[PDB]
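Residue numbers (the authors' numbering), protein chains in the order written: chain B, 17 to 148; chain A, 17 to 158. Worksheet for the structure shown next.
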Amino acid sequence: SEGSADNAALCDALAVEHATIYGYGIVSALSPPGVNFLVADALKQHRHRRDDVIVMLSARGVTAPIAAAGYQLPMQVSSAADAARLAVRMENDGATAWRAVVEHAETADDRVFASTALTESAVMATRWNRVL
Amino acid sequence: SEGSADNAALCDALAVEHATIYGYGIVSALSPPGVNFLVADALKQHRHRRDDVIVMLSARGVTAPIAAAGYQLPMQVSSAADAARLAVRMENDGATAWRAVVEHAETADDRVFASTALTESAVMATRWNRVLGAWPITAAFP
């Protein structure tokens with residue numbers, strides 16, 4: 017392995033995090049009050065993880081990806097039910113991104129960080145999967 | 017040594033798996049019929065993971081720790097509600113043991129396996145916590 021593979025996977029995961037946090041704005045807007053705490057949970061988790069990743073990249077001397085002002089969603093939505101499905105998809109995409117950081121991270125500290133993020137993503141997908 | 021810590025972590029995780037499979041026998045005997053889909057699921061997941069780790073340790077030139085006849089369970093139990101708490105404690109202990117394998121595993125293949133095991137243990141714990149949360153909470157007055 018390579019520090020170049022490590023950096024690319026972590027930057028890819030940060031780009032995913034940016035997109036997911038944007039996506040949770042639409043999930044929030046569409047979802048009923050009964051899932052407000054789930055949305056707030058997911059947004060806080062993603063924002064904190066994003067911020068931490070920006071710090072990890074800076075320690076590496078890599079300028080972190082920034083968020084786009086706007087994203088094309090990976091599915092069309094018109095429903096609270098659609099919002100749950102979108103949240104499931106984003107958490108699953110986050111898991112795939114974090115699994116690649118576990119594989120390519122050179123240090124144990126960063127591998128353990130990525131494992132935590134992969135595990136939170138998976139747990140979050142299951143929680144929204146119980147919404148639909 | 018590095019491979020020394022790797023082997024040690026995976027042996028510990030295997031030992032936790034044996035102890036978990038034993039504990040789910042008790043979870044099952046006590047439980048609700050209402051959660052036997054969950055118990056069956058958890059047991060097949062653990063038995064399969066255990067067998068997988070037995071193979072991995074062999075690939076490394078390590079003869080696997082075999083199961084003990086009995087274990088001391090992580091907590092005392094006496095009814096159907098204690099068993100869901102036991103299941104959460106067992107899954108949480110399994111996450112802890114798998115996070116150690118992620119941390120000390122030298123190969124990407126073994127770290128991916130350990131992270132999958134870690135994530136499954138975490139998803140299992142949340143599922144049992146969802147079971148507890150749907151049952152009456154009856155905390156003793158302090």
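For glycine and all other residues, C-beta sits at the position ideal for the given N, C-alpha and C.
Euclidean distance between Cα positions of residue i and residue j
i              : j              : result
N108 (chain A) : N108 (chain B) : 22 Å
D68 (chain A)  : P158 (chain A) : 45 Å
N52 (chain B)  : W144 (chain B) : 12 Å
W114 (chain B) : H64 (chain A)  : 24 Å
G77 (chain B)  : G50 (chain A)  : 53 Å
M106 (chain B) : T36 (chain B)  : 6 Å
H34 (chain A)  : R66 (chain A)  : 7 Å
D98 (chain B)  : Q88 (chain B)  : 15 Å
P90 (chain B)  : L102 (chain B) : 8 Å
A31 (chain A)  : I82 (chain A)  : 8 Å
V147 (chain B) : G19 (chain A)  : 43 Å
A116 (chain B) : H62 (chain B)  : 18 Å
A96 (chain B)  : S131 (chain A) : 32 Å
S44 (chain A)  : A100 (chain A) : 10 Å
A29 (chain A)  : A75 (chain A)  : 16 Å
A56 (chain A)  : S17 (chain B)  : 40 Å
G86 (chain B)  : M140 (chain A) : 35 Å
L73 (chain B)  : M72 (chain A)  : 34 Å
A155 (chain A) : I42 (chain A)  : 23 Å
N23 (chain A)  : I70 (chain A)  : 12 Å
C27 (chain A)  : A21 (chain B)  : 30 Å
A150 (chain A) : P48 (chain B)  : 21 Å
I153 (chain A) : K60 (chain B)  : 28 Å
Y38 (chain A)  : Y38 (chain B)  : 45 Å
Integer-rounded CB distance, given that residue j should sit under 8 Å from residue i
i              : j              : result
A111 (chain B) : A138 (chain B) : 5 Å
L46 (chain B)  : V104 (chain B) : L46 (chain B) to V104 (chain B), Cβ: 13 Å. No contact.
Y40 (chain B)  : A58 (chain B)  : 6 Å
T135 (chain B) : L54 (chain A)  : Going by Cβ atoms, the distance from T135 (chain B) to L54 (chain A) rounds to 19 Å, so no, they are not a contact pair.
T79 (chain A)  : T142 (chain B) : That belief does not hold up - the Cβ atoms of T79 (chain A) and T142 (chain B) are roughly 36 Å apart, past 8 Å.
Exercise for the section: May I ask you to list, following chain order, the residues of the segment 118-135 of chain B that have a beta carbon less than 7 Å from some beta carbon of chain A? Expected result: For the segment 118-135 of chain B, which is checked against every Cβ of chain A, the residues closer than 7 Å are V118, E119, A124, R127, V128, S131, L134 and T135.
Practice task
Could you tell me whether the segment 124-142 of chain B touches the segment 110-127 of chain A, where touching means 3 or more Cβ pairs closer than 8 Å?
Solution key: As far as the Cβ criterion goes, the segment 124-142 of chain B touches the segment 110-127 of chain A, which means the pair count is three or higher.
Practice task
Taking a Cβ distance cut-off of 7 Å, strictly less, list which residues of the segment 137-151 of chain A are near chain B, in chain order.
Solution key: So the close ones are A138, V139 and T142.
Practice task
Taking a Cβ distance cut-off of 7 Å, strictly less, list which residues of the segment 56-81 of chain B are near chain A, in chain order.
Solution key: Within the segment 56-81 of chain B, no residue qualifies.
Problem - Short-range partners of chain B found in the segment 88-104 of chain A, where Cβ spacing is below 9 Å - result: From the segment 88-104 of chain A, no residue has a Cβ closer than 9 Å to chain B.
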